[PDB]
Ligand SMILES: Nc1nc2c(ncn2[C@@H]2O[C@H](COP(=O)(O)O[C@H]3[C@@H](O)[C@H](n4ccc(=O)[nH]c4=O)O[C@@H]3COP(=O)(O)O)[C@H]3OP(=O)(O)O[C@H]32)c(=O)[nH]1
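Take a look at this single chain in structure tokens; it is the form solved without the ligand.
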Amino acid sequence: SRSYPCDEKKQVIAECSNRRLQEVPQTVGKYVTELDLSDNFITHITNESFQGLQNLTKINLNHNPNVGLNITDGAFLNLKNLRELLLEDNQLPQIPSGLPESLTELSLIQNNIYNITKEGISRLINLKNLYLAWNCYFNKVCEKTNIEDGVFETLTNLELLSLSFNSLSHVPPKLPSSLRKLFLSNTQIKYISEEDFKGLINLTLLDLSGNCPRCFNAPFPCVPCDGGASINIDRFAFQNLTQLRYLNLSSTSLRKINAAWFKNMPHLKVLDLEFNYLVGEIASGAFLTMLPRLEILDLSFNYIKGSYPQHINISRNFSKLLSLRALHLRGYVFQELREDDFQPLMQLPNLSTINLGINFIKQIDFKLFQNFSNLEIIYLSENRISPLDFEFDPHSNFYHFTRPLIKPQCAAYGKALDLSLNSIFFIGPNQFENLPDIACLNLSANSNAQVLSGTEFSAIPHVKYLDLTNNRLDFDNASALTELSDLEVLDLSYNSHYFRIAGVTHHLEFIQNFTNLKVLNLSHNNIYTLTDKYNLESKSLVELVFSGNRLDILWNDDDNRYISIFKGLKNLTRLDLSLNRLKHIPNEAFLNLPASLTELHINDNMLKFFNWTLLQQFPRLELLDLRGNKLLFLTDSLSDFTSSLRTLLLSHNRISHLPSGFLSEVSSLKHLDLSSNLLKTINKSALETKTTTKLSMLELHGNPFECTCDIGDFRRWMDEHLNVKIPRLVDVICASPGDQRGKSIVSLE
């Protein structure tokens, strides 16, 4: 039977999140092994709350109540199989007493716990991972964290322990030697002694970041060690961490890096040294000799304040980082990159990524990149290159964003060069001389206003994916970009600047001159007028994104010119016409859409009416997205007009009535979205059929249902069609009558 109020499934997982629930549901399936109740309004947990759910291994209770959680002594003690328990963001004032001995993972991130004690933790001898971070931090009103001596030593299976963003003052003593990962970032620990990590011969991660932070231009309330001194690490603090892979020392105000810290640290993979004062060490770097297995090195944001050196000064000793794959030098800040300045990097056999974002670089000697063994990612974004509930996510890196530097879709094609966010307002004849064979290029947001004529990319003719978004291109020549015969993806989003001017020219004819162009983005260009050729044409093109233009104007009733604007795109399967302010589509215009389409989006327009008949012309059409329009009526004979349609999206429309058979007219329909509409009911007329329906999803939330015996039939139909998934029954709600107002439609008797 239809579970409630949780969406249940096998993988047995109850998904009961974000549901305005005020108590723990007692109507949960008893085979459930994992239960997600995050983001609810639950305020009390007692021993009665999971009475029948003894089969539970995982409970999530983060963010309860959503806009503190009173949990009773021993409330979960009976859950003999409970292993993972998530209590984040719950204003707990202490570790709840009497937690079950069977727990392996516990997270108390983002509470008010300032006392960690034997009574709460020491019995939990099976803990693999303990998360206690972010309980006292910044200007939060909270106390220094008291850690009862030995609380952790009974935890002889503890693999992870995280205490970051608490005021600790010292590494706690008596840590179990089972530790693999220790996070102590922003714990206000000024000094590290030789005893602090003495027996942690299995550690692979240590995070001492944010202790003695560098506070200039801090995006948070930041207090430095006195005088802005550096963290102080004893020469022997890492003597026995021979398993260390990851070390984070970002924002510890280091001027000097002791080579001997790495003496017995032969597996170090990742060394994070952001937001220190290391410009000097970058020019000498004894320590670099100690790290020939290091793969990622991050020296970002060590700029000296107020200084703008002509050049970056990299020590010869970078040449010893022989396993280096990625070097991050954001925010060093310098004027000019010369070939000689990167000599020490040129022979590193596996250095694939070099990242120079946000250095305010004015000039680069591009030929230098050829001399490298094999750069795959040249990231120069954000420079000054001109022509030739709570703010921070406690589960993320705090000092840098973790997404890929270049979109993967682009980088897969080959070597990439990103010059986004510079002032390259114009591509000169030699701008791309001496580059490697670039497959992926990003020039987004250079305020580029030029006329691309067919020669500007000649020096790098094999670009397969080109990003020219957020420029101001002047499409005044029909040969534009044609020197890129291999081109497969082209993004021209956000170049409206000239497109919006009726009087200037707009030539899109070059689209035809490409044999392998598969994807094209013309979104948010405000396209309403083109010169000479009113048609887009390509034999290769599979996908055109045309959202945010003015098809309203292009297909107005007094203008025939653009009636076939898309017909010439013979191979097209995917078309996005969202955000074109369409009030009505002329039938000839619609019939002139490519018959090859499988996926058509006309969402978020203003359609009042949709000629359904016209689907006869679209035999391969699988998906149709009309969400967010003004639609009033559905055709009563839809199966007459398509037999390919698998997905139909109609949410946020003005449909108040279904025609008979609709749900069974189908017949390839598997997903039908009728949410946020005006349906007051579903009559048995719509439920009639002679055929087996194959519908697997039907979306109904957001409809103002009439909750009387007048709706029993649909309710019946729901019981007799468990196979049809219907999401968020708690949101499929009665508008009326009074007694029923607010309840799910599934819970009226």
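Residue numbers run from 1 along the displayed sequence.
There is another form of this protein, the form deposited with the ligand bound, and it is not shown here; the text below is about that form.
- With a 4.5 Å cutoff on heavy atoms, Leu679 does not count as touching the ligand in the entry with it bound; it lies far away.
- The closest non-hydrogen atom of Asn139 lies beyond 4.5 Å of the ligand in the entry with it bound.
- Although the partner is absent here, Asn653 is not a contact residue: none of its heavy atoms lies within 4.5 angstroms of the ligand in the entry with it bound.
- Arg561 falls outside the set of residues with a heavy atom inside 4.5 Å of the ligand in the entry with it bound.
- Scanning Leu405, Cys225, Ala260, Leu435 against the ligand in the entry with it bound with a 4.5 Å heavy atom cut-off leaves one residue, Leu405.
- Contact with the ligand in the entry with it bound, judged by any heavy atom within 4.5 Å, is made by just one of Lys128, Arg255, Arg325, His657: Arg325.
- Across the proposed site, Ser639, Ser668 and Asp673 without exception lack any heavy atom within 4.5 Å of the ligand in the entry with it bound.
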